[PDB]
Amino acid sequence: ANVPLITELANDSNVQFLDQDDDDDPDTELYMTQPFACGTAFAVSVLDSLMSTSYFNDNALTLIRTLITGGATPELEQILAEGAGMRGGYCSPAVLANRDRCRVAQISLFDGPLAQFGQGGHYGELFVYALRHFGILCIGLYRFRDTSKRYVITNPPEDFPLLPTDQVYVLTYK
Amino acid sequence: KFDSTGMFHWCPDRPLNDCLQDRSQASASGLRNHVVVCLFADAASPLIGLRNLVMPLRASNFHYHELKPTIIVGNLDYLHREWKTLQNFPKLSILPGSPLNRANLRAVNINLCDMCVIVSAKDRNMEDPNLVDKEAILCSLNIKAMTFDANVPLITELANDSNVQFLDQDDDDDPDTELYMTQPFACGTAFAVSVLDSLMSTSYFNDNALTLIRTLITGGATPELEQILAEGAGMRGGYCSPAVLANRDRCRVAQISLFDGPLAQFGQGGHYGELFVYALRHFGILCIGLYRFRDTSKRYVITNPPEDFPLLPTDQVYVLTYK
Amino acid sequence: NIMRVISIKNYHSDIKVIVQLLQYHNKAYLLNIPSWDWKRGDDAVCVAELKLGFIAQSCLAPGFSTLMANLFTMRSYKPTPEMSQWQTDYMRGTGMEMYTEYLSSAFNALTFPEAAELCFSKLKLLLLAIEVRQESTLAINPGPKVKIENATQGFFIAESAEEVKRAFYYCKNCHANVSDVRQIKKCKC
């Protein structure tokens, strides 16, 4: 039962049918629904909304791809266009230095040096202590539903409490 | 070596696996100064009849070493049907895969090429009117954009005429402008199928028109071949007698430049009339028209200019030789 | 859709064009068009790249697909009294969106960690990236080796564009001890 799942859905209103505890109206909009907050669902219609964002903010679509694909350079587009495919080679030390870049990852506050904040700290204290000593940047939280679904919080305020059983989105550099 | 008629070059009934190649075998073979044919087709598509492209390239007018080898690029399941016609010709080289893979093109060497043809064979004029030659237009753009260690000879089969708009970069032309006045149709990079409907009129008015065309185009398509090809046996071999081999000595279309040679004296600042008479008396050569550079590498066409017409050094002339 | 772009770019070369493709490999055919310039505003939105890409990042860290979907898209903040605690705090997050603007002179010759501390503590804003000069390029959360030059574009996440202006209007001497952050809006430092 306690399984990580994620589903590609063409139609948005079909999100209704997934979960058991549907404490939601049919008239309610997609993003406010339970499973889309937990990340068990995902719509294809989000890609049409990205067309708008690319028009208004010029440096938006670039930022997205860098976060998503890992490191999709324009060199690969030209190389993949040839038809030979992914070319091998073990590379020089200069090229292998490019791997040292950021990646998205999730950290819990059950164990580790950051667990001191989990008993009853704040998000601001976590942010500064992470950035100075370790070189870590926190984006947002990923809490339990009540006190195993988990809703999302993108960039909370400074004065915000933190439970022990919480999880945080992080941009590491190692 | 030759046909029963003694007009084209001949070979025995080869299977398809002799002339087939991989990318490595194509690159390993040092091909230069050759013909390429980008063929777009499915397995279950109608036959074009590629014999009529290759046949005039393999005329008995040209010697064995002079023949330009052809390199067809397309689907196998298509070409298996057309092989029964093509098998009896020298210097073919069928490469599988689509002509949009640059690896297929770079192995074949479009870099060193005489002419790269593009032909479609899919079910066109069915769904849309303007998005018909999308595969032909993309392929021409693909080759122009592709570079290696742009200046490529190209020619494209277009069903719709207004699609000529999309080819060139420097389009200094209105959309309302008629086909023949457009840039690429003067240069010869484009060619319409709609020209064949206009030939129906010419055949009605002038009785000895369609005959003249075929003699210039096909090389030597006699009515004997029509009866022989009707039997179903195909292109019959035989090395022929000296009487039949005398028929190969006939005219052929060819192009001459005025950069080098004995005619280069006129290129500095002569006239077309002086070139015409000097060519005809001494050599036995007939000039039809000029093929100039655009300005002072596209090249527009001039069919039969006046006598008092200047000639630049970097010019080219259409010629009917007899050797 | 590529053919459509050709006709558009044929009619007028200097025009901004954005395209939806399905396969990733078709992006190369846009580069074959000569008037196509990604430097000057032209873009290409692949379905397959982004569709599976969001799903891929969820495998690494779950629920990131929603974070990103809510970040870039437009969402209405409206806390009603019928809602519970977890639903209300979620809505606060969805309203926060992507905004870019130049930095002040105070950030010159500082590191990215040292920069973000001043942004989070005093200005109450987050930083993701800086447009580093070279052919310029983007870099998400760089190390302390890289420093900031003059007139560098910041990458922020915040409630609205009005709050991001506080990055531009700033000084070490003038805007030091300010309690209420709404007071900071002075040009003449």
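Every residue, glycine among them, receives a Cβ derived from its backbone with ideal geometry; neighbour counts consider all protein chains shown. None of the figures in this text is laboratory data; all of them are computed from the coordinates on show.
Observations on the model:
- Cα gyration tensor category, rounded, prolate or oblate, for chain A with a/c compared to 1.5: oblate
- Filter on C:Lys124/C:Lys185; C:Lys124/C:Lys165; C:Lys16/C:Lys165; C:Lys122/C:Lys186; A:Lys149/C:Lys124 - keep pairs with C-alpha separation over 23 Å: C:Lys16/C:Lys165; A:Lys149/C:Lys124
- Shape of the stretch C:1-43, Cα gyration tensor, a/c cut at 1.5: prolate
- Packing-based order for C:70-83, A:149-162, using average beta carbon neighbours within 10 Å, highest first: A:149-162, C:70-83
- Euclidean distance between Cα centres, the stretch A:152-174 to the stretch A:71-130, Å: 18 Å
- Inter-site label distance for B:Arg299 and B:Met181 at 7 Å from Cα along Cβ, in nm: 2.6 nm
- Amide H contacts for B:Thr321 (H built 1.01 Å from N in the peptide plane; partners 5 or more residues away or on another chain; cut-off under 5 Å): B:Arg252, B:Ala254.
- Any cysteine of chain C lacking a neighbouring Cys Cβ under 4.7 Å - listed by number: C:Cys46, C:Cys59, C:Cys119, C:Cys187
- If you plug the beta carbon distance of A:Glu125 and A:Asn57 into 1/(1 + (r/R0)^6) with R0 = 41 Å, you get a FRET efficiency near 0.80.
- The modelled label-to-label distance for the pair A:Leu163/C:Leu60, using points 7 Å beyond Cα in the direction of Cβ, is 2.7 nm.
- Applied to the stretch A:83-97, the Karplus parametrisation 6.51 cos²θ - 1.76 cosθ + 1.60 on θ = phi - 60° returns per-residue 3J(HN,Hα) values of x, 5, x, 6, 6, x, x, 8, 6, 8, x, 5, 6, 5, 5 Hz, with x for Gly and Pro.
- Using θ = phi - 60° in the Karplus curve 6.51 cos²θ - 1.76 cosθ + 1.60, the 3J(HN,Hα) couplings for the stretch B:222-234 round to 7, x, 4, 4, 4, 5, 6, 5, 5, 5, x, 5, x Hz; x is entered for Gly and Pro.
- Interatomic Cα distance distribution for the protein assembly as shown, bins of 20 angstrom, percent: 14, 36, 25, 18, 8, 0
- Here the dipole of the stretch A:1-59 is about 320 debye; that uses its Cα centre as origin and unit charges on the Cβ of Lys and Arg (positive) and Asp and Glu (negative).
- Here r is the Cβ-Cβ distance between B:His271 and C:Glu149 and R0 is 60 Å; the resulting FRET efficiency, rounded to 0.05, is 0.35.
- Arranged from fewest to most other beta-carbon atoms within 10 Å of their beta carbon, B:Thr218, B:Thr5 become B:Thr218, B:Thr5.
- The residues neighbouring B:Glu274, those whose beta-carbon lies less than 13 Å from its own, together hold a net charge of -1 under the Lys/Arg +1, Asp/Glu -1 convention.
- At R0 = 35 Å, FRET efficiency that the Cβ-Cβ distance of B:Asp114 and A:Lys174 yields, to 0.05: 0.05
- Net charge dipole size for the stretch A:63-103 [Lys, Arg +1 and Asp, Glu -1 on Cβ; Debye, nearest 20]: 200 debye
- Distant-in-sequence amide H partners of A:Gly140 (H built 1.01 Å from N, under 5 Å): A:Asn155, A:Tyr169
- C:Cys46 long-range amide H proximity, modeled H, under 5 Å: C:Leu21
- The calculated 222 nm mean residue ellipticity attributable to helices in chain C amounts to -9500 deg cm²/dmol, summing -39500 (n - 2.57) over DSSP H runs of n ≥ 4 and dividing by all residues.
- From the alpha carbon centroid of the stretch B:1-66 to that of the stretch C:91-147 is 63 Å.
- Extension gain (nm, one decimal) between B:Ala150 and B:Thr215, 0.36 nm per residue minus Cα-Cα: 20.0 nm
- Cα gyration tensor shape of chain B, rounded if a/c is under 1.5, else prolate or oblate by comparing a/b with b/c: rounded
- Cα→Cβ-extended label distance, 7 Å offset, between C:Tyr77 and C:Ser179, nm: 2.3 nm
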